[PDB]
Each structure stands twice: as C-alpha cells, then as structure tokens.
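Scroll down for the structure; my scribbles are underneath it.
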Amino acid sequence: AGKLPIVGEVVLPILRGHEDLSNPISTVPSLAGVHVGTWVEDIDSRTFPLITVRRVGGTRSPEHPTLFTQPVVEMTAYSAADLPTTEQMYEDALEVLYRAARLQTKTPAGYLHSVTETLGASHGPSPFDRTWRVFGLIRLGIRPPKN
Amino acid sequence: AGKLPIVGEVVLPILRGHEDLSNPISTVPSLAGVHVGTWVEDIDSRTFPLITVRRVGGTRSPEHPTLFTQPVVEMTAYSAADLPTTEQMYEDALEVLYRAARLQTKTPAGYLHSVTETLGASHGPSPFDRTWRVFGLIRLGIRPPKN
Amino acid sequence: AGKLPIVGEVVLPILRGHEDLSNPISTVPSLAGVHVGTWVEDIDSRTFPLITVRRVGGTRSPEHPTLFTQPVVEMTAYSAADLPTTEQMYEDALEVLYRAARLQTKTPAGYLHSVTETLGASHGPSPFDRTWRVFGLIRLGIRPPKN
Amino acid sequence: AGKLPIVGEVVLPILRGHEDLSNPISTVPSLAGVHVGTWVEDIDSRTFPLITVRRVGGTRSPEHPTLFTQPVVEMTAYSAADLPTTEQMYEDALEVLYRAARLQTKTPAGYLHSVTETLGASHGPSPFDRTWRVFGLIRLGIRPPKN
Amino acid sequence: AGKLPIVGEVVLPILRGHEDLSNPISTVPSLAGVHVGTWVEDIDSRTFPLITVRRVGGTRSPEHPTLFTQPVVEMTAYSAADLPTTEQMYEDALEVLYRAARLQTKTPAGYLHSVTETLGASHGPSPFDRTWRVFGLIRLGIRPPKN
Amino acid sequence: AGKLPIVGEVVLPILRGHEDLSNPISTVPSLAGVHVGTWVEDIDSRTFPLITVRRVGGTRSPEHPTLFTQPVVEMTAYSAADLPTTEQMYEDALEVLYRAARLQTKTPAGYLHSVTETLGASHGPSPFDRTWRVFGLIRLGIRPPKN
Amino acid sequence: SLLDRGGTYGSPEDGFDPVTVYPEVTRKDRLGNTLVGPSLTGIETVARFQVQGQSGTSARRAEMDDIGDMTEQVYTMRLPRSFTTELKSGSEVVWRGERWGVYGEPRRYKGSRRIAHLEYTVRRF
Amino acid sequence: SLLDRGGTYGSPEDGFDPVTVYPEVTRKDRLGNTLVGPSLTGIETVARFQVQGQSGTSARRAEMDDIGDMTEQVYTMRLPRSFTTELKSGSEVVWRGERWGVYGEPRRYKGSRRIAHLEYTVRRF
Amino acid sequence: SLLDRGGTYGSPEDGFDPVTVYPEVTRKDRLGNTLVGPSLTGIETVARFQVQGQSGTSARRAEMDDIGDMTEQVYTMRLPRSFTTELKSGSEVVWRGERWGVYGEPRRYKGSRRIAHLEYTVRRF
Amino acid sequence: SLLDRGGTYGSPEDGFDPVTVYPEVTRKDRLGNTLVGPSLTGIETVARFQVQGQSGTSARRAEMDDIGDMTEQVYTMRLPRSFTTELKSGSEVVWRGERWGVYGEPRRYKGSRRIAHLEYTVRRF
Amino acid sequence: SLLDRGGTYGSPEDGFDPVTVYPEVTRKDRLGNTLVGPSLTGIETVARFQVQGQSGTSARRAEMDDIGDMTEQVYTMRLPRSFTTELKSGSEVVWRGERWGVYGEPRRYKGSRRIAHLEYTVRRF
Amino acid sequence: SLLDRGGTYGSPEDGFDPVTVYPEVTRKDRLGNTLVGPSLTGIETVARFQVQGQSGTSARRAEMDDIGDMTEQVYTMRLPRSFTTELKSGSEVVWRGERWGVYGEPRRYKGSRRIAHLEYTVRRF
C-alpha cells in the first residue's frame, strides 16, 4: 500500500478544493480566492489573503512507522483587510479540515485520517507591511494511498 | 445550530452592553464610557479608558469540534487616571463576564457558556505615554447560535 | 453581600495600621515611618525605607467567583541604610500579615482571610541609586465587606 | 565481544549504502547522489543536496554500559532545489533508517538495532544562501560487532 | 520564644566560629582567616579568600509560620589562589554546616535546626579580576531563640 | 573515615592512569598522551588533545552527608584533528570511567564508587581556533579514603 | 531652490520620479475598531527618493529565507512644497508601478520660512 | 540671539510655533501615592522644535502593528529665555493642536551667563 | 566617469573584472509555490567590486566552526550603465570562477542625469 | 585657565554652581560588612556641570512607568584645582538643593603639569 | 610604494616582520568529510602587521577567565605584492615564533592596476 | 620624543607616574593545571596612564550595586622604550599604591624604527 507522502501533498488539495497541485488559489466556498501554500512569495508576486502551512514536528507512528504518521503543521492566515477577517479566515480553515477528516477524504498522495488542534487560533505579530497574522498548530494524521 | 463565531462577536456585545458592533463605547453601568475593542487605534483617534480583548489560544472541543469551543482571550485594561482605577476597571470587567455567564447570555453570533481565569489580573509595563496596564487570560466557552 | 475589592484596599490598611488610605506612612510599631504603597514616587518626593505591593496574578475562586479571591501580591522592601535592614524590614512585614490573617482583621473594603508565601523573601538588584531590594510573592485570600 | 563505535561509523554506511567510509555520496535508490556526512565542507567544496548527522545526546545503557547504547542524532537535510524536495529527501532518508533497523543491518563497526524519532521533520531557517533545511532528532540504538 | 531571625544572624556565627557579628574573619580551623559575609566589599578593602552568603528565598513553614522557617541561601566561595583551593574551601564550609546542624548549635539570634543542599557545589564565572568562584544553594531550617 | 575529597582528586587519577597529581599527560593506553585537567591553560602553554572535567552540580547524599557524595561532572573533550577523533576520544574516556567504577578503583584521595551519564556525549561549538568540542555530564559517586 | 523644483507627473525635472500618492483615510472594521489605511483615490505628483538604512544591524535584513522570499527596501521621500497635502502614516505611494508604504509620520523641518519642509520615509517588505 | 528670539503666542518669529504649555503638578491617587501630571491651566507661549533623530535599533519603532496602530515621534524643544517657568517629566505641551508629553527632565546648559539655556524632549507615542 | 567606464568581457579596464551574470527567473515548485532564482543563460559583462564595511557584530561572523567550514564575504558590486538589464534579489553572478548571489534588491541613486546609477551587494556563504 | 576658574560658595563666577560636597566614609552594617557612603559633614565649594556622561542611543531610559514613575539624569562634573579632596564613588553632592550621587571613581587626566585634572560623573535616579 | 616594498626573510625592511606562511590544503577525515587546514610545508616571507583593535562590544573579550586562561588578539596582515600565493582562510602563519590563524578569506582591493592588493586578518585565541 | 622621555622611579617627568611592575610568572595548581600570575619580585619604573573610552555599554558598569560595592575602571598604560621586558595578560602593576592588572596582551605597533612601541590596557574591578 504505497508510501507515506510529505504533509503538503495531503493538506493542500483539501484546503484548495482541487487535486491540481500547480494552482495555489483556493476554490472552497468559505475560502474562495485565498492563496494557499507552503512558502510566502516575493513581494512582486504575493497576494493577500494568504494561508500558509509549515511542518513543525510529529513523528511516524511507532506501532508501524511505514503505515501511519502524525505530522504537526503550523497553519497561519494573513490578510490586508482587518483583524476580524483573518480570525474568520482561520476559523473557516478549521471548518474545512474537520469536515475533510469526518469524510476520510482521499487525495492522490494519501488519506487525511484525523485532525487535532494542539495550539488553537492565536493572534501574533506579522512580518509584512500592513497585515494581521493568526496561527496555530494542527496535529494531523495521514495514511498511505492504496496499492 | 449555526456556525461557531470568532470570539470577538460574542465577548464584545457582553462587555459593551450593545448588540451594535459599530459602536465601541461601553454602556454597562460599571464600565460606562470605557472604549472596548480588539485593536488599539491611532494616537489622533484613541481615548482612555480602554479595554482590549485579544485571542491567545484555546481549541475547539475535541469530542464535538463543530458544537463547542474554549477560546482563551487576553483581556487588558488601560487608563490615564491612576493604577487603582485601572485594576478596578479590570475587576469590574470580570464581574460583568461572570454575571453574563451565569445568566447564559445570548448574543446574535452565539451563546456565552462559561468563563474561567487561566492567569488572573496582573500589573505590567504599558506601551503608551503615561498610562497604566493590567491584564489576564480568560478561558471562555462558546456555543453556536440557534438560528 | 458586598463587592470584592482591589487587593490594595485590603493589604494597605493592614500594613499601614490605619484605615485612612490617603496617608502612606506606616504606624505599626515594627514598621514605624515606613512608606507603604503601590507605586514608587518621583525622585523629588520619594523617601526610604519603603515597601511596595503589586498585583501579580492569582484568580477568583472557581466554585464561587463573587465570594472569595486569592490574589498574588509581589511584596518588595527597599532601604538606603544596609542589606540586613531590608531583610529585617521584609521579615517584619510578614509578621504583620500573618498576625492580621490569624486575627481575621476587618478593613472597610474587605476581610483578610489567609496568607501564604509562594516565593519567600529573596535578595535582588535594585533600580534606585544605592539601595537594597528584598522581594517575594504572597498569595492572599480576601472576603467581601459583609454589607 | 567488540567495542561500541562512534555513532557515525554505524549510520553513515546505512544512509550511504556502502561500507567505504571515504566516499560521502550515497548510492541508495531513494537518495542517489545525496552527500551524507558529519560536517559541512568549505564553500568551494559544498554540493547540494546534502544530509548531515550530528550527535546531540543519549547515554550508554545503564544496566550494561559496554553492551548497548542509544545515541540521539540530529539528522538535517539541505537542498538548493525547493522546500518540497527537502522534506521529501528527509522522509526518503528516514524510510532507509526504519528499514535498516527492521533488517538489523550489520555494519563493520556495529549493528543498527533500533530507530525512534523524538522530533520529526521540523522545517527551520538555513545558514546557507538560497537553501531550505528540515531537521529532526532520532534516538538510535546500536550493538557492538561480534569477534 | 523570641521572634524568628533573618538568616544572616544565624548562619554567619556558625561559619565564623564566634558570636561577634562585627568581625567578618572566620576562626573555625577548616576556614581560618577567610572573610565570611553577605556583601562583597569595595575593592580598596576587599580581601580574598571570602565566602558570600545571601538569601535566594524560601518560605516560613505553613504549619506554624511564627515557629519554624526554611530559608534557601546561595552560598559562594571566591579565591585568588586556584580553582582546587576554591572547591576545597566550599567543601570545608559545607562540612561546617552539616556538623553545626547535627549538634543543633545555639546562636544568640536562633538555632540552626537542619541543612540540605538543593543545588550542590558548582563552578561558574567570577565577577572580578583573577579570581575563581564556586557556588550552590542550601535550604536551611531555623528555630526561634528560647527567650 | 577521612574527609570526602574535591571531585578532581578522584576523577583525574582514573583518567590519567597515575596518582601523581603534578603531571597532566595521561598514560591509559586507549587515550594516551591526552592532556587531562580541570582548567584550560594559556594559549602559549596549551596542547591538544585535551580533556576538561569541571564540577557542575551534585550534592552530598542526604542519608549520611559525610559518608557518600554524588558530584555531577561536566566532561569535555577537545581536539585539533577532526570531529570523529574528538568523539572517539570522549568514548574512550567513558570506557575508562565505567571500567574504573566496575572495579571500585582506589585513589589516595577516595574511592570511585559508581558512574552514570545524566547527559550523553554531544557535539557543540568550541571557544578555541579550529578545534572541535564534544561534551556530556557524568554523575559519579565517591566514598572516603578509609583511615 | 531644491525644495520647490520638480515639474509635473507628465514631465518631471531631473532628480524626480512621477508617483501616485494615496493619502490616509480611516475605516471601521467588522467589530467597530477604527483602522488607518490608504484612500481609494490617488493624487498624481512627483517625488525625490534617496537610499537609506545601510547601518550594520539593518543592512543584514535586506533578504531573508526563513518562511518566504522576503526582502526589505527603505528610501527617504520628498514631494515639492507646492504639494500642500500631508501623508499621515497610513498612506501609500505608487512609484515605478510598485506600491510603497509611508513609514511613520513625516519629519518636520522648520528652521526658517525658506528652509522649512516635510520629509517622509517609504518602505517595502 | 536665537536663545532670546521667540515672538508672542499671537505673533511668532518664523522659526517658532505657538504652543500651550501645561507645567507639572502632583495629585494623590485613590490609595495615597502621589502621581506627577500636567496642570489643568496652560501657559500660552512659543517653542522651537527639531527632530531628535534615528539609529538602526530605533528607526524600526517609528510605526508598528503588533497590537494596534502605534507610532512614535521624537522632537527636541526649546522655549525662549523670557519663559521663567521650568517644565518637568510629568508636564505636557499642545503643538499644532495635538498633545505632546515632555520626556525626561530638561537638559541644562550653563557654559557661561550668555550661552546658558534649557533644552527639552517631547515624544507623543 | 567612473560610471560607464568598464569596457568589455574580453578586455576590461583596470578597476573591473569580467563576470557572467544570471538575471532573475521565476519557477513553480512541486506544490505550486512561486520561487525565484538565477536564469540558466547568463549575460557576459564587466563589474566593479569593492569590499563592504563588515564591522563590529558582523566582523566576528567572517569564519565559523559550529556545524561546518563556513565563511561570509560581502562586496558592493556595480555594472557600467551600458548594461541595461536589472538584476534582482536571488539573481546570481560568476566572478573569478566562483558563484556569488546578489543580496537584496539594487540601491537606486538618481540625483541627476549625470550622477544616476544602480549599486548592488553580493555575498558568498 | 578654565581648570583654576570659579569663585567661592557665596559668589561662584559664571559657568559654576555652588554645591555642598559630601566625601566618602565607610560604615559597618549589623553583620560586620563595611559599606561606602557619604560623610555627615559636607564641604562647601563651586562646580561645573555638563549634560552627558558618555554617548548612547538608549536615551529611552530617561523616563519610565514600569514600576512607579522614574527618571534618570547624568551630568559630567568638575571642581576647581584648589579643591584638594578627592571624592570616591560612595560620595554625594548637593546641587540646586537636589542630592546627586558621584557615579564610579574619578577619571584622571595627567598629560602634563598644567593640563592635569580630575573629572567626575554624577547621576540622579 | 608601500605595497611592493618589503625585505627578504633573512633581512626585513623597516616595519616588516619575517614569517613562515603555511598555505591551504584539504584533508579527508575518518568518515570521509573534507576539512581545510594548513599545509605541512611553509613558505618563508615577510609581512606587515597592524592592530585591528576592539569596538566596545568586544573590548571585554581580550582576557576571558570563565573556562580557562584565555585571550584573543586580532591583527591585520599584508604580504609584499610580489608574493603570488594566496592564504584561503584554513591557512596559518608563524610570527615572532608563535602560530596565528588567518581569519576569514582575504579582502581584495582592486580599484586600479597600481593600487591593487590583498589584505588578511590574522587571529589567535 | 614622547615614546621614551619618562625619568626614573625616584624622579619621573610630569606626564608619567612611578609604578612597580610585576612581570608574568607561571605556576602549577594542586591538580597540575598550569596557571599564570604576577611574579613575587617587581621592577620599579615609570608609566603614562590615559583614561580609556568606556563610551559603549561599559560606562553603565562603572559602578554597580547588585552583589557588592563594585566599580570597573580602565586605563591605557605605556612604558618608556628603554623598558625591555614585556608584560603579558595577568601580569600586574602597582600605581598610586593601588594594584592594577594588565588586561589582555600588549597591542604592538611597528610602523618603523621611529614609531615602534607597545601599549597595554590595565583594569581594577
């Protein structure tokens, strides 16, 4: 049964709402037009609003290291609009990950098996010109694709 | 049940005594004229007294993520008057949140379910010219609106 | 019934030995002439020896938030004389709080119910020209005025 | 029977896929041409992609110090290509350690007896111009060679 | 029973070997001629070797706050000679405390009831010139004088 | 029973292989010619390889303070050769301490009773021009020299 | 005087680039907090830009690799004195088709009626 | 000349701005601590303001968005020697119709009887 | 003019070295993030390199042994004004057979038609 | 000779303020530590004060509200060469009726027998 | 011409010292890592050493005493321009019979064909 | 010239003070570590002391009150060129009957036969 993916190949199709990894604009109704990625673009290219996900920890499962894994991702959300809009945008990203976990959603790279906040949506200082950042740590759980 | 709100759409009507989100001036008898918000305005516009509520953490409830939330807010009171007036004003903000929890108050965005100090009132250094600050962390509990 | 006070309105009458909040000079015989208050004055007004108490966390009690509070106060003692005099002065301030607690002393703003060190008398660096600081954390307990 | 080695003499042949310690580029199919070593070469000699192994802790076993030891190694993967290639390369290296432990892989300096992550694939800031870095801690366990 | 003392009025006669508080040179045979105090003197009178004792802080006992107390002191030893002499001087000072506790030694200010290291003798950077420093924390126990 | 020693009077004869304290060059065959001491010499005198043993904590035992003690020693290996040679030199120092403990090795100053690691061999930055440091903390037990 | 030279947006003088300047306005957010930001309607004008920020604790920050392809640029900026509008710290400028924020309030120089002028900083990150 | 130069509040010299100056008084708080602050009655006068400057560690504090729309503005201030009232760290000034605190005690220069003057700092923020 | 002096890649002036310069190109990673880096085809030109004033907190950082054999080198770098292409952050240069990154965006000096030029910084680490 | 200048406590000359100077003595605390501090009997003199000890960007320390309200002032001080007593670092000065501590030991300049003098720093915080 | 001027090792010029210079080699360690270090065969030559000094951040580092008897010395070195070999940062120098490391790569100054030279830092700790 | 004018311990010039200088001696401790410290026998000579520029962070540590009465003071010390023995880190000097340590190795200047000299820093803590 396949190989375990890097966490971005499972989370990003689920937040974006399409299987095409080359197209970073989200199409999910709660997040239409939100750019979703692993890495913040150069100022001559970046567009807000923006969701960004990075792996911060989380081992493979010690029971079977090749069959289940529990990566922890720091999810973040940025906007140039106002602080309430970036709080609602992070809440609208949790409401996608929880539903995508209930439905056990398949992606070409693997299955999203479970979701758990380990540090919930938190306001912090932003490194960009005039934008509001909120962030939190999600412990995911991921299983390999069939065959 | 409806969708769960951002924490500001529940706490602010409860501290202000209005359902009107456009008007930050509190009308609660113990906090009359206190400006209550989530962001500190430009120097040419701000006024003291001021209360700032700002989300620091706290997850959805893990056994029903779409039906209950325990957000942690940092609540901060600022004054230009004196330190006793600043801690009395934070004290009178707790006495409103605890009453609003016992009475189970409905807000158009959600119900305030319960309140708990995670870190009590504490004096600290203030970022503005000649004002005093006291702050603490409140773990709230929020339930979705009825529709 | 009453209302719970800010911690200064209970501790200061007990350290000063009089109910007049406008007069910071202590009259308790082990602390006679010591200036006691929440906020050190400008250098043109300040005098030593001096004690100061700051609110530094500690919550309302979970089971009855409107009836009993356990505020932590940082207590600090300063002198221009010598280091063993600030140790003796801080030590003599505990002897007043423990007596005032076991006697269950009433003040117009509330009753001092119990006293407990949570970080004992400790020597530290002083922010003032040629003076010694001794400090510690006291977790108090407070009950509201009976009326 | 034998003596316990420095940790590099066990895991470097296992990540490289050959017992020749003089030849740092790996030949394992998932890591073809990756440079693997304890120490980053001078800028006139660096090539990317690169994996590095550093000991960070972990004792001899307390009940037979000469017979078993559990060194914690930090493993860090660097690339000039992109972040996905860097976390793919780290997973494709960690898959070799988990297989090499399951097979009890004999190396001329000792046997790799077990493998266990204690931090997993955290993304971090790189010290080298235009390169991504991901790192984690692995608690290995190693047995001395038979003689 | 008298009032509880400040810790310097008990420890210093035990280290010095005489009840004259005005004379900082110790006479106990293991420490003949070291200077024992709570405050490092000005460089125009400072004399090495010296032992500095100061309260890092530990509470009254909660069982009877007026009858037994457990002050933690940071004890330090300094020398201009060499590091071995500075270690040996800390060991020889600690051996006086462990004996003076066993004998329940009376001091005019109180009784040294018990001794316990909470952080053992350790080397660290010295604040001044050629000298070496060794330090640790002792939780003492003190009983009031029998007046 | 005699007095307990400073930890350097026991650990150094075990690592050096002779109880002449005036001669810091080791003769133990696994690490012969290594300079073993407690204090790194001036740049005009120092020679590499070097081992530094430094007291970093560990109390007398509370059961009988004058009969048994458990110093914690930070042990550090330095070399100008390469990182693997610095690792193997630290391993070859543990292999001597564990053997010397297994025998209860006698020295003029005391008996080495037991050896354990509280932080295992780890790589770190070196304060000396073009050298590698490997270090860890050993907790080791000592007993009095009979008599 | 260099304070009064500049020309106009369609044809500047030698040292001056044409810019669109968006002065500050205040908006309410969803919860009634007041935020400063750039107006929707820009003013065509010309401006004198000069390099800034070369001190060793800030020259290191010019390019980063921690979470994204981030860079930071800093310039002092001045409009000719015929531009009577003032750019408060929420304002923005379009220069060379890039969008540059004003950064902090304007510095005021006022020594005498012929020396007097305002100088801005602009920043992009 | 420049030390004595300032006009009246209704008619400044061109290098000077009219200000209302609130000298310090002390009040007791609710628990008997004396607090310094500005008097309720202001003295109308004129003052000379010049920008206090920047460094790589302090220029980055001119505008922020950690918790609010913060800015900081630092100016030195001098009052003409006919002004015999002395301001103190609790004093405030109204300049251009906005309210500026004095920051730290006055810097007192007394090299000789004709050079002697006081300079203040004011900080907004 | 020390501006536009340099000559050509086959025959430089004295102050100038021949370089191959790889301008900005934008690419997608596996996950559709938009990265920036050097083009695969570089222009051949001449360039003026001068040691940047690496001092104090940054001087100790010239060589390190915490994880590997590591150094930093910093040069300001400038091209003759006949070179009309602009390099950007994450463009690269081959100088003296070594490969050097442009660090941060170019600094634009524009005071008048005669004086106007761009200066870059390059690093190798 | 500005080193020999300045009058007497009743009539000081122009650049100099009359002061009472309390030279150092050593007391013992109740545990037998010696401590430096000012004598009970002060010497009446005249002294010259100037506005800074040494330069620094950390001028934010001049006023604070972290605990209580506080300011720090620093002046360089000098005494005429006829004043033969030396003030060690435990000493104090009364200036304008305020009380100012000497801060650190005096700085000795001794280039030649006519240049030679001592200079002191004083603080109040 | 202070760049070309200098003696032979057996007979230095006014203000130059004789040195043995050990240029770079690479060695391979027990585990196949590639390490820089000094060659075993030295080139005898002369060199000009000047103190690099310390800024106030680092003047404290000259004699440390926390872990051992430790000092740090920083000198700037130049070799006569006829010396064609180059010391690539892993290199070492023997000066006054004691052994000094080169620190970081050489600084290259090349503004003009007669002014061009390389300068090194050497360090000992 | 100023490099070698100083007189004798019984009769200095005016710019120089008489000192007893204790050269470096090395000794074994109880455990065989080789320490360094002042010799038991001093050399009587004369020296030129000048106040060191503490104007960084060091001016805030000229007097401190956290653990004891402590007062770092720093001077730059030089001996006439007729004094042939070098001092080293942890050598000591007696000046005004106080005892001052040499701090770090001598700074060595050697521009020419006419300019060549050593200069030392000294400290008291």
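Chains here go by letter, A, B, C, D, E, F, G, H, I, J, K and L, matching the order in which they are written, and residues are numbered from 1 within each.
Here, a residue touches a chain if its C-beta (ideal position, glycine included) is under 8 Å from a C-beta of that chain, and two chains touch if they have at least 3 such contacts.
For each chain, UniProt lists the protein as follows: G, H, I, J, K, L = Head-to-tail stopper.
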Fill in the blank from the handout: The chain pair with the larger count of contacting C-beta pairs, comparing A-H against C-J, is C-J
Handout entry: Repeat of the C-J interface, chosen from E-K, A-H or B-H (over half of contact pairs identical by residue number)
Key = B-H
Fill in the blank from the handout: Cα centroid separation, subunit A vs subunit C, in Å, comes to 50
Fill in the blank from the handout: Between subunit G and subunit J, the Cα-mean centres are separated in Å by 47
Fill in the blank from the handout: Averaging C-alpha coordinates per chain, one finds the centres of subunit I and subunit J separated by a number of Å equal to 54
Exercise for the section: Would you pick out the residues of subunit H that each touch at least 2 other chains? Expected result: 29-31, 33, 35-36, 55, 57, 69, 71, 89-90
Completion exercise
For subunit A, residue numbers touching 2 or more other chains are 8, 38-39, 41-42, 54, 83-84, 130
Completion exercise
Per the touch rule, the subunit C residues reaching subunit J in their complex are 39-44, 52, 54, 82-85, 127-130
Handout entry: Touching residues on subunit J, where the partner in the complex is subunit C
Key = 27, 29-31, 33, 35, 37, 67-71, 90, 98, 101, 123-125
Fill in the blank from the handout: So, in the complex, the side of subunit K touching subunit L is made of residues 14-15, 17, 49-51, 53, 55-57, 59-60, 62-63, 69, 71-73
Exercise for the section: Could you pull out which subunit I residues touch subunit G in their complex? Expected result: 35-36, 53-58, 89-90, 103-105, 107-113, 121
Problem - Interface residues, subunit C side, partner subunit H - complex - result: 8-9, 12, 21-24, 37-39, 41-42, 45
